[PDB]
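Read the single chain below, which is given as structure tokens and is the form deposited in one PDB entry.
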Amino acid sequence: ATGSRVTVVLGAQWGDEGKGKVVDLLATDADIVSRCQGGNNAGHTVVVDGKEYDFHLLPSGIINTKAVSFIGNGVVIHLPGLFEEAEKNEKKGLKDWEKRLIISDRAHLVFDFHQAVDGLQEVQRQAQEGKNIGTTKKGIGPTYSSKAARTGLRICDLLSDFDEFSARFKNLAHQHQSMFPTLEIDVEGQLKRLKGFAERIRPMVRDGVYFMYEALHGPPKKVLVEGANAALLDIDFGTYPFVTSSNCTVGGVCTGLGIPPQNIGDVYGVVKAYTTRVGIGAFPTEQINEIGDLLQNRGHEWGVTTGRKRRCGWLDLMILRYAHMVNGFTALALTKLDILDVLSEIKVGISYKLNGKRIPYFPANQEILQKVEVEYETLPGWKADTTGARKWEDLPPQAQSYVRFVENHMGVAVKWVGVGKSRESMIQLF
């Protein structure tokens, strides 16, 4: 026919929905697990047999040895970070990864000064308007700006004539230094490492378009696309400008891997039982209080790197329904249900009210979102432990009702109930 269809896992809120958990579960067999958009700031945690992992650039499937890990063209790479990451997991018992990895010759490079400028930009907007993005300061934003301007460099440029490279690498550095003359650049220093990376990389690089084409039109295969960040952090559809700079939405799978929509199959939306956000920006259901401290506590909602806790809030169906409109989820994975085990009552946002009147849709302007009153619906808690559930019957009543509530209001079937952090901690409803 048209070939094999890919299976997509996407974040439906503001990140940290537990995507790594769903990816790792779906990859166990999968022939190919890939990354299509974003940079080394995914923070996809994978727990498998008392062995916790923190992948940021490498596909969450880099574990599975039978499968091949792929990084599409829509991804931005800061080589240093790449190896720094592989080596940290290389110590947790990860070997031979470099043999089952393939990089797309069309992906862009995040240069040291790129991560530099991110910081400047962030601190600049900081001491001027007393408000910044909340960036992870990993140059993703500036790398993408370079990409759009067509001044940034790609994997295929690094492997070609290192002499034509260096020249461009020089000019781009000087350009950025014009945005912030305070920015210093160890030109020949970074160029030095870069070329070392070149030879370290060369064996893994290939043509991505051709690659993915073969896999989808050759003999039947199972391809897994791991979305990064989330729906409301989408450069186009998120709470702009408090968003990342890539299309975390379904479209990015096409633009990032070079495959047509008809080769996209199941698109799973990972939904966390409650809402979190890291960084500046509106958060209608934010709960800066006892409850928010509780969610944040029981759900370990903190920077897996800097220890910075994330803002916590009740589940918000407004952003969820908005996300579905854009991604067209075929099913959902509801995670961290257990986090709600202890609450007597659980609130969930059903709509927004601006001046006593119910708004019709998710507002484009983030500033408006900061003034809405949230209309909640209070639900009965199951006040019990679910960490041991492994089938729909084990979950108590109110628990099941909570799953149905999400299912019903989104109009999308929940295919998975995350009730723990380990692989085994899922419950496949169907």
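Rigid core (definition): largest C-alpha set, two forms, superposition within 1.5 Å. Residues that one form lacks are left out of the comparison. One-based numbering along the sequence shown.
Another form, the form solved in complex with a small molecule, is not on view; read the next lines as being about it.
Legend entry - Interface stretch in the deposited complex with the small molecule - options 42-50, 376-384, 357-365, 26-34, non-hydrogen atom within 4.5 Å: After filtering at 4.5 Å, what remains is 42-50.
Inset, instruction - Decide whether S104 counts as a contact residue for the small molecule in the deposited complex under a heavy atom distance cut-off of 4.5 Å. - result: No, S104 sits far enough from the small molecule in the deposited complex that none of its heavy atoms falls within 4.5 Å.
Legend entry - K421: touches the small molecule in the deposited complex, heavy atom cutoff 4.5 angstroms: Yes - in the deposited complex, heavy atoms of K421 and the small molecule come within 4.5 Å of each other.
Inset, instruction - Could you confirm whether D338 comes within 4.5 Å of the small molecule in the deposited complex, counting heavy atoms only? - result: Output for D338 is yes: heavy atoms within 4.5 Å of the small molecule.
Inset, instruction - Mark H114 yes when one of its heavy atoms lies within 4.5 Å of a heavy atom of the small molecule in the deposited complex, and no otherwise. - result: It does not: once the small molecule is placed as it appears in the deposited complex, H114 has no heavy atom within 4.5 Å of it.
Inset, instruction - Kindly indicate whether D16, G20 and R310 are, all three, within 4.5 angstroms of the small molecule in the deposited complex, using heavy atoms. - result: Yes, each of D16, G20 and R310 comes within 4.5 Å of the small molecule in the deposited complex.
Legend entry - Segments of at least three residues whose Cα atoms shift by 2 Å or more between this form and the one not shown, after superposing on the rigid core: CA shift run, sole hit: 304-307.
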